[PDB]
Structure formats: C-alpha cells, structure tokens
There are 2 protein chains.
Amino acid sequence: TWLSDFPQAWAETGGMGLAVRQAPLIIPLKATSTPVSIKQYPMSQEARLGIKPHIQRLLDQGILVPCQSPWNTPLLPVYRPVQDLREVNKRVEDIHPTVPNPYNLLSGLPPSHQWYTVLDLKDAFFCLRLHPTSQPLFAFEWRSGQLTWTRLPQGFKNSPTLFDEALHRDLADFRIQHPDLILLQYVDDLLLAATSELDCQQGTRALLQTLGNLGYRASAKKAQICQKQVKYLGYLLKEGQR
Amino acid sequence: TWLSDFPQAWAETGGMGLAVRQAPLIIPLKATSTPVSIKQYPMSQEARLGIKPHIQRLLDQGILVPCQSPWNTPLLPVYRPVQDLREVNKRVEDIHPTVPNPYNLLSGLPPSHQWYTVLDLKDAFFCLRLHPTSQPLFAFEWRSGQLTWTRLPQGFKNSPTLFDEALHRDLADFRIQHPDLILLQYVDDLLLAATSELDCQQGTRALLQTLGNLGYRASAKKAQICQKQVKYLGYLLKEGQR
DNA sequence: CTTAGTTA
DNA sequence: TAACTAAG
DNA sequence: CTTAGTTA
DNA sequence: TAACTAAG
C-alpha cells in the first residue's frame, strides 16, 4: 500500500526528519536585547520521571544537546516537557506574519478539484536546523546543567512562520512540475487537490516522494489519501463545500 | 438700607412667596402611566421628630395639604424631609431642557458691564402653584394619612426647567423696560449687570421691586448688591474675567 | 431607604 | 462581582 | 509555574 | 478587584 511504496516519506518508517536543503536558521535579536536567565521552578519527582524519557529520546536524536548559556527559560513543573519561552520571545526581533488564515487559504480551492489528499507533517519544527549561534537562546535546565535545542523549538513565536516559509521554498519546484494540482499549505498541514482520482494518486505519489526526499515526514496514521471527502483545518471538505 | 426700601422683595421680610401671575401648573403624564403607590419605609422616632416642625410649617403655609391619593412615594428615613420622587419622575412626560449651562449663560456677559448685583430666590419652586389635578401625583405618607404639595416640589425632574421658564415669562417686561441692563437667569440664581454704579443701583431697585411685586423673594442675607466683584454660579466675577 | 452609574 | 458614589 | 487578557 | 482563561 501507500506505506510500503514510500518508506522515507512516513514518520512511521523514515525516522526523524531533517530538512536537508534548508540552511540552519539564525534568529536575530531586537537591537537592545541581552540574555535573560530565569530560574527553573523546582520540579517534583513525578514530573521529572514523566518528562525524562522524552528528554532522553531528544538527546538520542541530537535534537537536544548539552550547553552552557547566559539564557535560561523554565520547563513547566506540570507528562511531556513544555518550555515557557515568553521572555525569549520578547527579546527576538519580530517578523511579518505570512501564514494565511485558514478561511483565506481555503478560498484558493476551486470547485473543479474534488479529489483530495491530506497530510500532516510530524515534528515539523524539529526538521528545521538552528544555527549554532542561535542555539543558546533556547537553553533550559535539566537535572545537572543546561540543555538546548539544535532545531526550531516549540513555543518560539516565529516557529510557525519560519516553518511555513521554509516548506514553501522546498515545495516551489513541485508546484511548477505539477501546475494542474492545487496544494494548500498551513504550516504542517497540507492539502493536495486534483481533478481525477488518477491525478490525485499520481500527485500524491509525487508529493510523498518529494517530501521524503527533502527530509520531511508525514503521519501515515492520520493520512487521508485520495478521498472525495476529507477533514482539513477543522473543516469537512465535501461536494466542494466549505 | 436695601432691606428697608424693599420689604416685599426679601424673604426675610416679605413672607413666603407665591407667583401671582403664573397659572397653577398642570403636569402631563406619559401616555401609558398609571399611579404607583410605594410603601413608606418605617421612620425612627428620631427622624420623625427631626422632620415634624418642617412639615408643620409647610402645613401652616398651605404648601402641604392633607389628601387621599393613589400615588405615594417615600420620605427618606435619614434633619429635613427629602422625598424620593424617582418613580413619579419616570411616569411624567419629558419636557425639553431649556436651562442653559452656566458656561454658556456667562458667555452672555459683555466686558462693558462690570457693576454686578447677585440675587438668589428663596424657596423658588414653592412660589409656583400646582393645579389641583396634578397635586395628588406628589403625595407621601405622614404619621395617619397622606399629605401632598400645592406648589412645585423639590425632587421632581421638571421643577428647574418649569421654574426657569416661569421666571423668564415674569421678567420679560423688565428686560424690555431696561434694555441696557444685562440679566442672567439660572433657575433661582440671578445676576444683573450694569455699566455704572448708578445704573446698577437703579436697576437693582427696579429688579427688587419687580420681583417683590410678582411674588418672588430674594435672600437678603446672601445678596451681593452693586459690587465690582461677585460670586455667581461658583465663579468669581472680576475684571470682566470668568 | 433605594438605585442608576462608575470604579476597583 | 463588589464597592463605592451621588441622588431622589 | 507564571502571565496577558477577559469576565464577573 | 477577583476570578477565570488560555497560553508558553
């Protein structure tokens, strides 16, 4: 089936992603910013044990590395690790928000394309590398020393925009090679639209092959492939309605 | 002095006023109104004894009379009697508010008239009679039976406007007979302005004589007569300033 | 006393 | 939501 | 855990 | 002013 033909494209089979064509991102600070080091709220053993294997997996994957940084933000003591990056966000230069609202994005769907494929990318932000100069920005304490992210982190205010822009650059060629297909991108949520079941299945094969090649990974479990009706961005797409 | 020449004009000497040229006022109700009878909150003996001689004086003066009315509003249990006429006010037809704001009224004072007389009328509203058909509107309980007002009452939403309009009608002739004088009226607060101390003193004599004749009474105690500087409506009038 | 409107 | 504030 | 924004 | 509410 779909899973077997494209082992590289699916998170289930291809391993953790890494966007090989994308240069490691440099994150510019506002002109007056200096590092802020916020103390870690003491964590209960229950929370620590809950979070631990997630931290170990990320270390194993090279997504977290040890560091010493003048920056520090807290992990929430209440599992799965959630970092409060608000004080970092305040010190990072704003970028223009280029991610379209879903209502506007969907206006780009013609009544002519009614065969749909929906993919969502797994651990999307983690596919984007962070330049070593920007890594220390995102440090947190783990017990003893600090760890930090080598990839675009959750909770960082510019992650959705930077990811959406990176994927747009990576999929520019695909769009050109398949000028009849409709591809909607909302950060990590993709909808491919076609006129026929055949166009859709050939399109979908090409999109998966392309994604896998670029280093992105889709969720095989959640994939809606070549259906006349799909869920996308909390809409039900059917009869060309919605 | 001023007090002796005009015994009729001063509250101190002329007795309680009564505007003899003014027809007893009829107070129109809104189209859907019916009487409201609000129970009297029990009054402490302390309050009752405090209020009593005021009530007796008003009865002696014919300003309050006994009655039986389907209307009733409460006197406040916490001296000097204050009637809560809000439920009556809600049922009475609105009139246009014609009393100018003091800021606008004072704009009518030319730099040329800098000799001032200020009078305030004592118990102004009580000078205006209420038509017997409208008297029952304002009834309250006194202990046992009801009493009501035979004159325009305090706390009634249209009293200031109706009084201001009535006094304007009564002083229309005076204005015509003294076209050089400036007369400002703000309900019961009057300012007469003149070019010279002589004009002011002759004007003031005429205004007092006219007021006394019409049945209004000014406070001799508070009167500011023929001064180059006076207090009027919480302003200090001096040098033509304010 | 109750109550319409504002501020905390 | 509670507390004031100004009023009748 | 803290905190910016809304509602009560 | 207190209480929620959604977030990082």
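What you see below is based on every heavy atom in this structure, not just the backbone, and it leaves out hydrogens, waters and symmetry mates. Letters A, B, ... are given to chains in the order of the sequence lines, protein chains preceding strands, and every chain is numbered from 1.
Spacing between atom CG of B:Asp84 and atom P of C:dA4 amounts to 10 Å, rounded to whole angstrom units. Atoms CD1 (A:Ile38) and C1' (E:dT3) sit 12 Å apart, rounded to a whole Å. Taking atom CZ of residue A:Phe138 and atom P of nucleotide F:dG8, one finds them 14 Å apart after rounding to whole Å. Separating the CZ atom of A:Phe140 from the P atom of F:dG8 is a distance of 17 Å, rounded to the nearest angstrom. Distance A:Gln83 CD to F:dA7 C1': 14 Å, rounded to the nearest Å. As rounded to whole Å, 13 Å separates atom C1' of C:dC1 from atom CD of B:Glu87. Here the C1' atom of nucleotide F:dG8 and the CH2 atom of A:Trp149 are 13 Å apart, to the nearest Å. Distance CZ (A:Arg86) to P (E:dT2): 10 Å, rounded to an integer number of Å.
A donor-acceptor contact closer than 3.5 angstrom is absent between the side chains of A:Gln40 and A:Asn72. Looking only at atom types and distance, the side chain of B:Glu46 has a donor-acceptor partner in the side chain of B:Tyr79 under 3.5 Å away.
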- Task: Evaluate the ring pair (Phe, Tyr, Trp, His ring centres under 6.0 Å) criterion for residues A:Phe156 and A:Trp149: first the C-alpha distance (whole Å), next the side-chain angles of each, then the deciding distance (0.1 Å), finally the verdict.
- Result: CA-CA 11 Å; A:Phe156 170 50; A:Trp149 302 94; over 10 Å; no
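For B:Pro97, the side-chain contact (heavy atoms from CB on, under 4.5 Å) criterion is met by no residue, not counting sequence neighbours. Partners of B:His131 by side chain to side chain donor-acceptor pair (under 3.5 Å), not counting sequence neighbours, listed by chain and number: B:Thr133. With sequence neighbours left out, A:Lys90 forms a salt bridge (charged side-chain N to carboxylate O under 4.0 Å, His left out) with A:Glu87. The salt bridge (charged side-chain N to carboxylate O under 4.0 Å, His left out) check on B:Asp84 picks up B:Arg86, with sequence neighbours excluded.
The neighbour count for A:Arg21 CZ, taken as heavy atoms of other residues, nucleotides or ligands under 6.0 Å away, does not exceed 12.
Look at the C1' atom in both C:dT7 and F:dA2: the space between them is 14 Å, to the nearest Å.
Considering only side-chain atoms of A:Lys90, the nucleotide from E:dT2, D:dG8, E:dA4 that sits closest is E:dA4.
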- Message: Can you give me the dot-bracket string for DNA chain C, 5' to 3', counting Watson-Crick and G-U wobble pairs with both distances under 3.5 Å, using [ ] for crossing pairs and | for partners on another strand?
- Response: ||||||||
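In the region residues 61-81 of chain B, proximity to DNA chain C at under 4.0 angstrom, judged on heavy atoms, holds for B:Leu76, B:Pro77.
Here the closest non-hydrogen pair linking B:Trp71 and B:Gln146 is O-NE2, 2.9 Å.
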